[PDB]
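Asker: I have a structure here, written as structure tokens, and I will follow up with some questions on it.
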Amino acid sequence: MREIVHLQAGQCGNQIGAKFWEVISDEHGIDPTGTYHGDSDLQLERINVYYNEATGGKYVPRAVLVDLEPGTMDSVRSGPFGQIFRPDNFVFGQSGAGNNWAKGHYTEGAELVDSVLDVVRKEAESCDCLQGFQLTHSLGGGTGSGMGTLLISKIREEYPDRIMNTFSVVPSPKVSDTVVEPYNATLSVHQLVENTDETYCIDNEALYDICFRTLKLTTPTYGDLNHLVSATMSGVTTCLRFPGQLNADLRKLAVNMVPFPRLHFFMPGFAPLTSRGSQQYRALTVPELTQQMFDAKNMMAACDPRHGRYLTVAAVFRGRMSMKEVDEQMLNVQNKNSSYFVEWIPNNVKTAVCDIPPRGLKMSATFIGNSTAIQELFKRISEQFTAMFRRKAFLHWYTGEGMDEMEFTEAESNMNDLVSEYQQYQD
Amino acid sequence: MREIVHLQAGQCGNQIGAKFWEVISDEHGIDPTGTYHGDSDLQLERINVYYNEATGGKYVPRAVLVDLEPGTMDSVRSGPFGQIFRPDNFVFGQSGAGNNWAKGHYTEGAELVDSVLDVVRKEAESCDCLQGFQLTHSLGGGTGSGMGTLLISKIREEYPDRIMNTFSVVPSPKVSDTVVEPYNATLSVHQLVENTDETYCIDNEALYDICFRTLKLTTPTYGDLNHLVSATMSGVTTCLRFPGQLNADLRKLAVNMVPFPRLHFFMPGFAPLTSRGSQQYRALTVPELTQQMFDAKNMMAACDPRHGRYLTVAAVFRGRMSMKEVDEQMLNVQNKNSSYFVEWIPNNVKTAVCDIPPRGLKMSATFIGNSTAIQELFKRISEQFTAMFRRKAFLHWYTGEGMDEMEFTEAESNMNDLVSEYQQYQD
Amino acid sequence: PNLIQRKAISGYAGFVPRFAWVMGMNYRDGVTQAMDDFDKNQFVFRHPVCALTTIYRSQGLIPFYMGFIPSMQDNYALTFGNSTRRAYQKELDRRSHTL
Amino acid sequence: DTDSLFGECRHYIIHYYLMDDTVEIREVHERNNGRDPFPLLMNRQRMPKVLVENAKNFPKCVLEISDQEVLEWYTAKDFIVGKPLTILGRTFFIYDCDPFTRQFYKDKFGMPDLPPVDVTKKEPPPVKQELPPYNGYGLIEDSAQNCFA
Ligand SMILES: Nc1nc2c(ncn2[C@@H]2O[C@H](COP(=O)(O)OP(=O)(O)OP(=O)(O)O)[C@@H](O)[C@H]2O)c(=O)[nH]1
Ligand SMILES: Nc1nc2c(ncn2[C@@H]2O[C@H](COP(=O)(O)OP(=O)(O)OP(=O)(O)O)[C@@H](O)[C@H]2O)c(=O)[nH]1
């Protein structure tokens with residue numbers, strides 16, 4: 001059959017992966033003990049997209065966690081579902097990275113990449129033929145980029161024929177508490193834009209915004225933020241796991257959404273956010289679903305796409321709809337703003353429709369869009385890079401690590417080329 | 001279909017809308033919670049004109065509550081049915097109006113107009129096709145006037161093919177407590193006449209007069225004031241939502257009502273008022289219905305038309321009537337005073353009958369008459385403006401906003417032009 | 001009722017309750033079922049002061065089916081038709097966590 | 001509110017104002033409940049319990065209820081812990097009082113004891129993971145420490 005393998009890197013990964021796997025376990029109704037309490041024939045049918053199976057019924061995940069901080073994995077094992085993780089899979093190290101990209105890229109990897117590659121290949125021989133691997137890392141997170149660049153670079157030529165889903169949190173345009181974060185981000189994004197095929201870029205500022213918009217619980221927990229993002233990402237995966245009239249393949253999605261080799265960075269979009277009164281006070285229907293769905297506020301990734309224009313938009317739907325209403329909704333929004341698409345490519349919409357709704361809610365969806373609303377993000381990070389390489393402050397750590405400034409120059413050149421490339425294809 | 005969305009503004013308009021909404025819900029049969037008790041097929045048949053539909057058998061109003069003051073919105077929500085309105089529409093702010101129309105019209109405008117436009121247009125494309133909107137506010141009310149100016153001035157252009165009905169209560173000829181009231185009122189009316197089409201004018205002194213006349217209960221509340229005015233516009237709106245033979249379109253009414261564009265302001269009048277013994281001491285005869293209808297005591301808006309002359313009179317009836325009696329009663333009244341109907345156009349009567357009696361009494365009606373009886377009102381208010389503009393007292397706040405006296409001058413010029421042509425068309 | 005409640009006269013320029021939810025079929029059956037829901041919820045909130053899997057059937061399944069039901073591979077050496085049909089009963093006994 | 005589709009249970013506070021016999025309904029904005037910052041539910045005012053049937057001459061289309069119509073208002077004599085009470089199409093369960101309340105009632109209205117009833121909801125406990133039994137290749141005491149975390 002066809003299957004996927006999950007990689008959990010950095011403490012952003014150590015966060016997400018735990019929340020995400022327990023979300024999917026609740027979706028397929030697996031108890032924390034790991035023994036199925038049958039409710040859904042079909043989820044028994046397609047639990048095999050992610051979960052292998054062992055004598056006694058237990059449902060192992062096809063994921064591997066990786067980090068350098070023993071305390072964090074101790075905490076996640078102290079979490080409710082740590083028993084749904086394997087001692088053999090627990091690959092780790094003796095040292096703390098110090099959150100230095102070069103430390104993660106040249107020295108500490110030399111005693112862990114071998115083990116992690118061994119793990120991934122034993123799992124690959126276990127499975128039949130993967131559609132590919134997905135990764136949860138942070139592009140500015142200390143250990144995440146250092147480990148991830150190396151492992152993705154190796155696995156690329158290891159398996160040149162698969163789907164490398166990459167998922168990263170964008171550094172806040174206002175708050176990081178990490179001061180070498182611009183340096184780490186630029187260094188990482190060089191190899192990222194070289195190698196990857198698809199990347200979702202998310203930030204926490206819009207998560208806080210949406211918390212004060214529709215969560216309306218004032219002080220949130222980062223775990224709840226993880227709930228939201230994991231909901232998004234499960235949703236984008238839901239195409240494979242279920243029957244119904246749709247087109248599951250992520251490869252379908254890629255050819256449907258990618259106009260050129262050097263476009264990878266896309267911005268998630270979620271479906272109804274329901275709050276205190278709205279549970280009694282919403283008419284859950286296709287029209288309002290579309291309305292709130294394409295709202296410049298309910299998007300959560302980077303920034304308002306207003307200043308730019310949308311290139312391609314794909315919508316996954318979930319529920320007992322009919323395609324006529326989605327067709328007319330798409331036409332209506334097309335005419336509403338026929339100014340903010342591009343005559344370059346007409347009818348830039350893609351639709352998938354699954355009949356197996358999520359639990360606790362009936363009519364829902366997930367959105368993905370590639371627009372020209374990323375120039376400002378990598379712009380800001382580029383000019384911060386300029387301002388701080390101006391005097392090469394703090395450079396001593398990386399120089400002693402043993403990297404060189406020509407790498408900085410080449411990476412910034414590639415980012416400048418990205419800026420231009422985005423600019424001309426829409427302006 | 002073809003529907004309406006309501007606008008309430010101003011602290012009085014808050015009470016107005018609260019009572020009016022509770023009256024509508026009462027006559028349509030919706031319980032305090034919102035799960036309606038099925039008794040009346042027709043009132044189930046025609047509720048999509050106002051109420052929208054969500055799950056759980058509830059029926060939300062499409063009303064948007066705008067305010068600056070937390071306490072007022074808190075009370076009105078705390079009222080008997082506040083659970084029927086939506087936090088979505090509970091758009092508010094944190095700064096007092098200062099009862100300064102300049103403050104309410106420029107400095108506080110920009111930060112609200114965006115959000116209020118957002119909500120109103122979301123409801124707009126939620127619905128199919130407006131006839132228009134009724135906007136209930138107070139030209140004598142600071143927040144109401146200030147916000148109404150901007151809201152109407154913007155709402156004009158986007159959707160200029162609809163009906164922007166307005167309700168406002170004229171300041172008392174004897175007291176206003178607010179002393180900057182004349183300034184606020186003229187600053188509102190100058191754009192009222194420029195933009196809108198139909199306005200219902202009312203004054204509270206006549207309400208107190210009628211309290212002494214027939215209400216007789218010696219301890220009234222603004223609750224009862226709202227009660228009676230709500231009865232009035234409920235009556236004017238009764239035509240749309242029921243089966244029967246009559247035209248219902250407010251546009252039909254307007255084109256029947258207004259000869260020249262510059263005239264927009266009209267004086268309503270209501271149908272039987274009753275006292276404790278009369279409720280069974282009274283002969284429910286269409287003749288005395290017409291009598292007490294046309295009686296000057298029964299009027300409650302501005303003053304006695306006995307000074308002025310009528311231009312257009314339209315009375316809409318509700319109950320188990322027939323045509324011929326209202327016809328011949330019109331005959332009787334026209335003959336009785338034919339010298340007081342302008343030679344300009346005879347047959348200035350407009351009739352229509354709905355056949356569903358209100359719950360509690362079978363024969364009822366409502367009346368609107370455009371007559372040249374507002375000269376007293378605007379002449380007096382003009383002398384007040386002039387006699388407090390002689391020495392520009394109480395003007396430093398306005399200068400601190402940054403206004404200039406010219407606007408006052410041209411607004412007064414417009415108002416006097418209205419005075420002149422008002423006098424000329426009938427003299 | 002009056003005239004008909006099972007149907008509300010085709011091309012009904014008036015509206016009905018229960019517009020969302022069960023929908024996407026022909027008209028008259030929708031009318032019947034929707035008004036059935038409109039009196040169901042009615043009495044449900046009335047409730048006056050109460051406080052006062054064809055995928056598999058008898059003979060198993062067709063060859064070349066995918067989707068892991070529990071076991072198989074752990075047990076083997078039988079014709080797949082049998083294997084499926086015997087799993088059809090031992091999914092009640094030892095892997096009885098299938099429902 | 002479990003009768004409705006997405007309903008739940010909450011808890012509120014009733015203040016009987018002696019000095020005017022008015023009633024009120026408070027609220028519990030504890031935290032992170034989704035609910036909007038909002039003090040009240042129903043304001044302090046009068047409540048008509050039982051009315052007459054001939055308010056056709058006095059329809060709700062005109063002046064609301066008054067002395068001429070009400071059969072009886074909600075007396076303080078009606079509030080009793082241990083039986084549901086209905087208001088504005090809502091029926092409530094009263095469970096707890098205050099020491100001052102239950103001593104005021106024992107003399108003024110002459111009321112015996114009514115203890116509060118535990119209206120809370122409970123759950124059983126779970127159990128810790130034990131040891132996969134002696135594989136035969138280890139040590140019956142050391143393998144325990146080994147196979148924990
Ligand atoms: N689980 C969890 N993750 C968080 C929390 N708050 C922030 N994060 C994110 O996790 C990011 C870094 O994750 P990693 O990729 O694991 O970073 P790292 O290379 O392992 O090491 P550092 O970046 O130095 O922490 C931070 O930049 C935060 O944005 C939180 O409260 N809980
Ligand atoms: N609700 C209410 N309003 C009254 C009453 N008597 C007079 N009014 C007037 O109706 C006006 C309309 O209220 P709003 O339009 O909300 O007034 P505002 O914009 O907040 O500014 P102010 O008029 O200075 O209060 C009030 O300002 C009062 O001047 C009354 O008994 N009840």
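Backbone N, Cα and C define each Cβ position, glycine as well.
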Asker: According to Swiss-Prot, which residue among A:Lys58, A:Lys174, A:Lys336 is annotated as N6-acetyllysine?
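Answerer: Checked Swiss-Prot: the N6-acetyllysine annotation sits on A:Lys58.
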Asker: Among A:1-4, A:61-64, A:329-332, find the range that Swiss-Prot records as motif 'MREI motif'.
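Answerer: Residues A:1-4 are the ones Swiss-Prot records as motif 'MREI motif'.
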Asker: When DSSP states are grouped into helix, strand and coil, how many residues of the motif 'MREI motif' (A:1-4) land in each?
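Answerer: Its residues fall into 0 helix, 3 strand, 1 coil.
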Asker: Counting other CB atoms within 10 A of each CB, which of the recorded positions A:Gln11, A:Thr55, A:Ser138, A:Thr143, A:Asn204 comes out lowest?
Answerer: A:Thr55
Asker: What is the nearest of the binding-site residues A:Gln11, A:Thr143, A:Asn204 to A:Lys58 (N6-acetyllysine), using the Cα of each?
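Answerer: So, spelling it out, the nearest of the binding-site residues is A:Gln11.
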Asker: Indicate the candidate from A:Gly142, A:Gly144 with the smallest number of other Cβ atoms within 10 Å of its Cβ, considering only these binding-site residues.
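Answerer: A:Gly142, out of the binding-site residues A:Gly142, A:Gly144, has the fewest neighbouring Cβ atoms within 10 Å.
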Asker: Which of these recorded positions, A:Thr55, A:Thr143, A:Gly144, A:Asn204, are close to chain C by Cβ (under 8 Å)?
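Answerer: Listed recorded positions passing the 8 Å Cβ cut to C: A:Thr55.
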Asker: To the nearest whole angstrom, what is the C-alpha distance linking A:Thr143 (GTP binding site) and A:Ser172 (phosphoserine)?
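Answerer: Computed Cα spacing between A:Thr143 (GTP binding site) and A:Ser172 (phosphoserine) is 18 Å.
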Asker: Please report the number of other Cβ atoms within 10 Å of the Cβ of A:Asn226 (GTP binding site).
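Answerer: For A:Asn226 (GTP binding site), the 10 Å Cβ neighbour count is 20.
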Asker: Check each residue in the chain of A:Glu69 (GTP binding site) that is at least six apart in sequence and keep those whose C-beta is under 8 Å from its C-beta; list them in sequence order.
Answerer: A:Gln11, A:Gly96, A:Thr143
Asker: Three states by DSSP: which one describes A:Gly144 (GTP binding site)?
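Answerer: Its secondary structure by DSSP: helix.
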